[PDB]
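Quick setup: one chain, the form deposited in one PDB entry, written in structure tokens, and binding and motion questions come after.
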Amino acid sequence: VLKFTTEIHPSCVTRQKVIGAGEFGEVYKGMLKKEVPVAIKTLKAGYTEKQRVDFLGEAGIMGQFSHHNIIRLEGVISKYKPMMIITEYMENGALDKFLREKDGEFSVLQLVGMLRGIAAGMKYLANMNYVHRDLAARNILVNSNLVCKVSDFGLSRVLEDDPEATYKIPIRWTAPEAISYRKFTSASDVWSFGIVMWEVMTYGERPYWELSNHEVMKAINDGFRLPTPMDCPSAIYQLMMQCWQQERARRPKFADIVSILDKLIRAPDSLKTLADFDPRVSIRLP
């Protein structure tokens, strides 16, 4: 896969600021030689064979894709150490943190547009035979045009690197069959997409609040589902609910999701009809 990747010389790359970090490398904002901003992920000397395969495997996978809603690879530094993966720079960072910092600042149409973009990237990945396994707002990046792009690619590194994945998966974003018998498919990614819809429409509320992982699994198995967000179009809540069908075959495909979201956006008055919100509090005044 790496034959598809541009090998970039280190003198073309300036790291400027740390924006992410782990035990074996960091992510930087930087510039790439007409200079352009880029994100730069490093792998420090001493890495194992498995770490090298996982790290360059992420770039190898990303280099196979060309889609507006999938993070673009610019190239790699593999002939010098530390090794680096260089991608486009998404100026607004991770979607979950972005929404929590911008609570209430977007229109419903803007939020639905973000979901359409995520769904288009996921339809592309699914049709390219790539199962994400860790779809969540924390793994979507947002640029200065409000474009949302799917990130976090690889094999075993995806669930290994995510702190939300517990002994190892991120339970409350994961479909039942993936938890119960390890069946990860594009239809389990659709379940996750339903969770991401709820994260977007709530401005980054944590799914299921303080329920424990066991309590979430028991609730889902008993037929409970997340309640409607505040100010959520009825069509959007119906769509996320259908993503959470227990029976995999009843879930929409991403092709259906993209189609529905595009129709709603193109007739935006459809989004003015809101699902009823069940208040958890009662305020009464004489």
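A residue's number is simply how far along the shown sequence it sits, counting from 1. Here the rigid core means the biggest group of C-alpha atoms that line up within 1.5 Å when the two forms are laid on top of each other.
Among the other PDB entries of this protein that were compared and that flank it with modelled residues, residue 100 is modelled in all, so it is never left out in a third of them. In every other compared PDB entry of this protein that covers both flanking sides, residue 172 is modelled, so it falls short of the one-third threshold for missing coordinates.
The modelled chain is continuous from residue 50 to residue 51, with every intervening residue of the deposited sequence accounted for.
Where residue 167 is followed by residue 168 in the displayed chain, the model omits 4 to 9 of the deposited residues that sit between the two. Higher average CA B factor: 74-82, of the stretches 74-82 and 107-115. When the two stretches 262-270 and 6-14 are set side by side, the higher mean Cα temperature factor goes to 6-14. Between the residues 46, 227, 223, 233, the entry's highest C-alpha temperature factor is the one at 46. In the PDB entry, the Cα temperature factor peaks, among 59, 257, 31, 241, at 31. The entry lists a Cα temperature factor for residue 156 that places it in the highest third of the chain's modelled residues. Among all modelled residues in its chain, residue 215 ranks in the middle third by Cα B-factor. Among the modelled residues of its chain, residue 162 has a C-alpha B-factor that falls in the highest third, as given in the PDB entry.
There is another form of this protein, the form deposited in another entry, and it is not shown here; the text below is about that form.
Only one candidate in 43, 226, 261, 240 has its Cα displaced by 2 Å or more between this form and the one not shown after core superposition: 43.
Relative to the superposed core, residue 80 shifts its CA atom by 2 Å or more between this form and the one not shown.
Once the rigid core is overlaid between this form and the one not shown, residue 207 does not reach a Cα shift of 2 Å, moving by less than that.
When two forms of a protein are overlaid on their rigid core, residues whose CA moves 2 Å or more are considered shifted, and residue 56 is one of them between this form and the one not shown.
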